[PDB]
Amino acid sequence: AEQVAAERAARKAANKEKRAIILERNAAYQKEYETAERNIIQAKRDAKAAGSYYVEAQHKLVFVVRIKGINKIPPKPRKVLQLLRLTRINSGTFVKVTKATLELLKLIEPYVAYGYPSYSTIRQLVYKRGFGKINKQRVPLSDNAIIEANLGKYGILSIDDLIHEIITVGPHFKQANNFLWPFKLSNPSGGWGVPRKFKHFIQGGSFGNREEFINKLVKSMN
Amino acid sequence: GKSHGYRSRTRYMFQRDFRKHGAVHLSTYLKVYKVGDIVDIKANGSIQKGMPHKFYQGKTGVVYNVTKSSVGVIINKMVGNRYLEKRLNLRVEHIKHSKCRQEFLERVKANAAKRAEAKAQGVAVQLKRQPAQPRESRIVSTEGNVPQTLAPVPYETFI
Amino acid sequence: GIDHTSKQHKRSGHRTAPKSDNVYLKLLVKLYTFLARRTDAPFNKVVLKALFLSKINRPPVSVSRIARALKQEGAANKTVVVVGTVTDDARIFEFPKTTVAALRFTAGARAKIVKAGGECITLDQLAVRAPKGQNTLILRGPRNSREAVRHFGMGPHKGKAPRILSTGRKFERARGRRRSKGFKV
Amino acid sequence: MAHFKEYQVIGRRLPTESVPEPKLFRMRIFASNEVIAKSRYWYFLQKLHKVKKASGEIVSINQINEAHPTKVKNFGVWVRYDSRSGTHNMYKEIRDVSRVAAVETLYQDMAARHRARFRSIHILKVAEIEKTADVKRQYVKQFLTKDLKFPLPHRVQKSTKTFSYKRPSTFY
Amino acid sequence: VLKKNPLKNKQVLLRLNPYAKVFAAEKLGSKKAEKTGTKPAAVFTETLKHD
Amino acid sequence: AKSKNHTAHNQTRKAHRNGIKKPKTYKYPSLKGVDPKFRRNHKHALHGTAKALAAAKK
RNA sequence: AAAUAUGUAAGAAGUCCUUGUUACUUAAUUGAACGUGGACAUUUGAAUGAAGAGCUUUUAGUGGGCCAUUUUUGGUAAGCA
RNA sequence: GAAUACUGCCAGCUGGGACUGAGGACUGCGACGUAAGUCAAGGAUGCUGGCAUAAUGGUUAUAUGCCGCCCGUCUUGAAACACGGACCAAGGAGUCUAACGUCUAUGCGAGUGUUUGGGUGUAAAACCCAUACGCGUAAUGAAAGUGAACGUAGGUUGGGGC
């Protein structure tokens, strides 16, 4: 009766209920994702059948990566990059797409490559390079208890809860994204695909909105 | 030599508007200014007394004093690496109420009324403004709107 | 390379220890370091930081100031705490029975407090009696009453004392100080 | 950007309360990817109507595959391009098996013969020539004769090794 | 002491996300889609084939 | 002999290294430039308010 | 009559209700300024960030500048001014 | 009616190569297990061989590959066709003092300062001391002069701690 196993069994039981909760929430997220994607697919098909065109809802999330070094930057784009927390090359963050942030993206276009990230990209990014800002420190997530301790007051109890709040831009996206430390990506493993980076993606360069190819770029950078 | 008189470089800024010369209409003098009111400064060139210096044209400040024919305005002026408080005695011909602050005051009233109705029904009435959101999905119908195909046009001289 | 938004390697700018070499002050600091780590009372942290301050940042606290503090409602039975010196004051003629914890008591202050039926005690006695600062009242002396502060911020129309050795007529009371001699400030 | 695909891009002005259902303008755009295709769409819509990307919306973008991508076709192309000293209109004929491959050949040929970069070329029209006697350029006409056959004199064989032991031949 | 990558090291991958075993057991990464025989409208076909 | 006459070069960088700071407003601003009649009467108004509050609080 | 650049606001030092002070003001128990009481978390009133924020004292060196894009003056021009 | 390309996804499987092995009782999160337990799960272990010394390694000379202009100084700009410097040893330049500012340490504290002097001494030391004097405890005015509580030494806003 030394209270070792008496408290360890209680802690193990509490961990069991936490994992049961996480399991059910992740399953519900998986059905929600599948239903969403299948629903847009069938919406396009049904609009075709009816003779209409289905215009997809505009994207709510962008991933932005700084692709330019820190020297010789004008003050306004330098300030915007600091406010987006892109203070070194190959740093990346998520941005919720509104008019206010779209004007920032326009203002830093020659120094970043951005686009609309897919669920695979977000999941791999947070699983590989996810770090929490806890007490001003860069803390590797590596466990669901850390996320519960710093984000559980918003209902985020797991790394999949965090990913869900990112992918569907939820009510507490600001807090979840700010909790995420800016991602430190590497140079792309097969290169940039272009001779010269510092033209617009449209003109055969790297910067600007490359909307759906940001997934390929980030996978190579991750 | 150089010249830096009080009204130097004001040739166009102190003009009267085109076909808007002469007597100032009485709405300027019928206005009521209280301490704490936020006002814009725009000099009227036909009233040479109580006139602001050219730096304050377009500046917006707070009334701190009310006299017989003038108001005192606080203005923040950037000098060197900091801001300094400047007190201006301006005749009412050179100022006007800030419409921005007017609309903020009715926005405050609307916020109170929304909260009062939400106390009855519909809690969490979303009082904060939001930026323009990305648009949602939509069905565009071709019925009576068959797409017209455009192409670039060849070059012509026009002369 | 990283676009630094703030100065790197910036020291916090606060004393983490007394600059003095007093072994007894260091023992007091050891006690309140332990107390501020192992208790959640903000009083212990306040006392620990006050033990670091310099002489000008611990102005003397008079017994008149102590009596005025004990005049506050509900403060009659509180333990007065002065991280510094308690000095004597002959302007005041009556004292209540009270307990004062301080670094130092002047002979006059100690005699007056003891004569009033009170007791003078060191900060470790305070730590033993009130480990969480129970029922205490921290008093601090006037910092800007120092003579050096008279001259801080000297400038035209600022109304500060000029740094001057001799005082009187013929010593900086002329041109610059009155309208009849040039201008006034 | 000469991994060319063809897209139909349909867009419109944003619906308003006074004017719902705008007129749904459509373009055929040759481009390497959908992002460039939408960029070209807004570029041409800005240049022909009073509609910029901010006041409009892309309703549909679809890749158009060649209907018979494995039959040799004669293509007539109308272009306008900018030279160093003016703008010009041009007509060319390309014999090839698909529209995208004809347009790739067109861009390479305009770069080679007129130093005309992609920036400087508007493809006015690409249309299959239905029948012969409408082809007007001899470099396409000469490949349309009966029982065509020609040799390829002077064959040059690639050598994988630095030294050969045989003093090779060019027969073919 | 060491960050261990999920997406490899199945042990850490399953310490996080207990649902991963159910995902890999039901083969949710290769979900067969239902069959639908929806046909685009003729007007869509002519619009696409235009010019 | 001759040197540079003037330039504002680097001056904005200097001004922004220690930032451009706002005047740090307060509650109860100073009654400087306020009309003397106003503040003369305001003194008596505050005095009466304090006296009435003291009487009400006994 | 642009583009770029630029002032201000986006709330608790607030809003509302009631009634207290004055020697100012009102024809007036009209106002003005400052208040006593009372009612106001999911969002305390747009976004993003915040690296701690605010404040003080004291003192070094410097007070020959020059170059690039863009705007621009004199000059034919200049690695000119 | 199908295939295939292209694009995308898999918490699909699997082979080859390189660099790294930080930490040092246990504690955590998990996984496989009916359990006992085991594990790739909060950082390398197991098995084997040769040598046990110039073998590895250090130092040094040389060779090879690539790179490397002469320092100091004034200056926007120095390798400069700018100035000083052939070489070496020894010497060679922010000191002391009077009066001060800020900061800090110390003693005492409405006071403070023994050392002009006197007393004393193991004799330029140490130890002890009266009356004064300096600064501080009151300011202001040119000066004659006058000289700091209406009040719980005031009201209001904020304010650590209690």
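To find a chain, count down the sequence lines: A is the first, B the second, and so on, and within it residues start at 1. What's counted below: heavy atoms across the whole structure, side chains too, no hydrogens, waters or symmetry copies.
The side-chain heavy atoms of E/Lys8 and A/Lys128, taken from C-beta on, include no pair separated by under 4.5 Å.
Atom pair C/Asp88:CG and H/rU112:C1' shows a separation of 16 Å (rounding to whole Å applied). If you take CD of A/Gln124 and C1' of H/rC9, they are 10 Å apart, rounded to a whole angstrom. Put simply, CD1 on B/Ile41 is 15 Å from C1' on G/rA9, counting in whole angstrom units. The CG-P distance, from F/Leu46 to G/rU36, rounds to 12 Å in whole Å. For the pair A/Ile147 CD1 and H/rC29 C1', the interatomic distance rounds to 14 Å; values are reported in whole Å. Computed from coordinates, the A/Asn215 CG to H/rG8 P distance equals 9 Å when rounded to whole Å. Rounding to whole angstrom units, CG of residue C/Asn22 and P of H/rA105 are separated by 12 Å. Straight-line distance from the NZ atom of F/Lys22 to the P atom of G/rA53: 19 Å, rounded to whole Å.
Nucleotides G/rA33 and G/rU21 qualify as a pair under the Watson-Crick or G-U wobble definition, both contacts being shorter than 3.5 Å. In this structure H/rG72 is not paired with H/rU156, as neither the Watson-Crick nor the G-U wobble definition is met at both distances under 3.5 Å. Under a 3.5 Å limit on both donor-acceptor distances, the bases of G/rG14 and G/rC40 meet the Watson-Crick or G-U wobble criterion. With both hydrogen-bonding distances under 3.5 Å, G/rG35 and G/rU19 qualify as a Watson-Crick or G-U wobble pair.
The six-membered base rings of H/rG37 and H/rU38 sit with centres under 5.5 Å apart and planes under 30 degrees, so these neighbours stack. For the consecutive pair G/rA60/G/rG61, the pyrimidine-type rings sit with centres less than 5.5 Å apart and planes less than 30° apart, qualifying as a stack. In this strand, H/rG121 does not stack on its neighbour H/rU122 when judged by six-membered ring centres under 5.5 Å apart and planes inclined by less than 30°. Using a cut-off of 5.5 Å between ring centres and 30° between planes, the six-membered base rings of H/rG113 and H/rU114 fail to qualify as stacked.
One finds a side-chain N or O of C/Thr106 lying less than 4.0 angstrom from the OP1 or OP2 phosphate oxygen of H/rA110. Applying the 4.0 Å criterion to OP1 and OP2 of H/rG161, one finds that C/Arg140 has every side-chain N and O outside that range. Residue B/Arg107 places at least one side-chain N or O under 4.0 Å from the OP1 or OP2 atom of G/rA46. Distances shown here put every side-chain N or O of A/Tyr33 at or beyond 4.0 Å from the OP1 or OP2 atom of H/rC9. The side chain of A/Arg123 contributes an N or O atom lying less than 4.0 Å from OP1 or OP2 of H/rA11. For H/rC10, one of the phosphate oxygens OP1 or OP2 lies less than 4.0 angstrom from a side-chain nitrogen or oxygen of A/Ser120. One finds no side-chain N or O of B/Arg115 lying less than 4.0 angstrom from the OP1 or OP2 phosphate oxygen of G/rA39. Contact between the side-chain N/O atoms of E/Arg15 and the OP1/OP2 oxygens of H/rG42 is found at a separation under 4.0 Å. For G/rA50, one of the phosphate oxygens OP1 or OP2 lies less than 4.0 angstrom from a side-chain nitrogen or oxygen of A/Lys133. Phosphate proximity of G/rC55 to F/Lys21: present, with a side-chain N or O under 4.0 Å from OP1 or OP2.
To the nearest 0.5 angstrom, A/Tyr29 atom OH is 11.0 Å from A/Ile163 atom CD1.
Counted by atom type alone, A/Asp160 and A/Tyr127 present one or more donor-acceptor pairs between their side chains at under 3.5 Å.
H/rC127 is paired with H/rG119 under the criterion used here, namely a Watson-Crick or G-U wobble arrangement in which both key atom distances are under 3.5 Å.
Where C/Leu25 and F/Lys27 meet RNA chain H, the nucleotide closest to each residue was compared, and C/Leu25 sits on the side nearer the 5' end.
The aromatic rings of F/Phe38 and F/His42 sit parallel, their planes meeting at an angle under 30°, below the 60° perpendicular limit.
Across all strands, C/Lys7 comes closer than 4.0 Å to no nucleic acid atom at all (heavy-atom distances).
Side chain of C/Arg15, nearest nucleotide from H/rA105, H/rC10, G/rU21: H/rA105. When distances are taken from the side chain of B/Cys100 to each of H/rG161, G/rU8, G/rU25, the shortest belongs to G/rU8. Candidate nucleotides G/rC67, H/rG12, H/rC29 were compared by shortest atom distance to the side chain of E/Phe23, and H/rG12 ranks first. Comparing H/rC13, H/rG107, H/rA41 by their nearest atom to the side chain of C/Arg104 picks out H/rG107.
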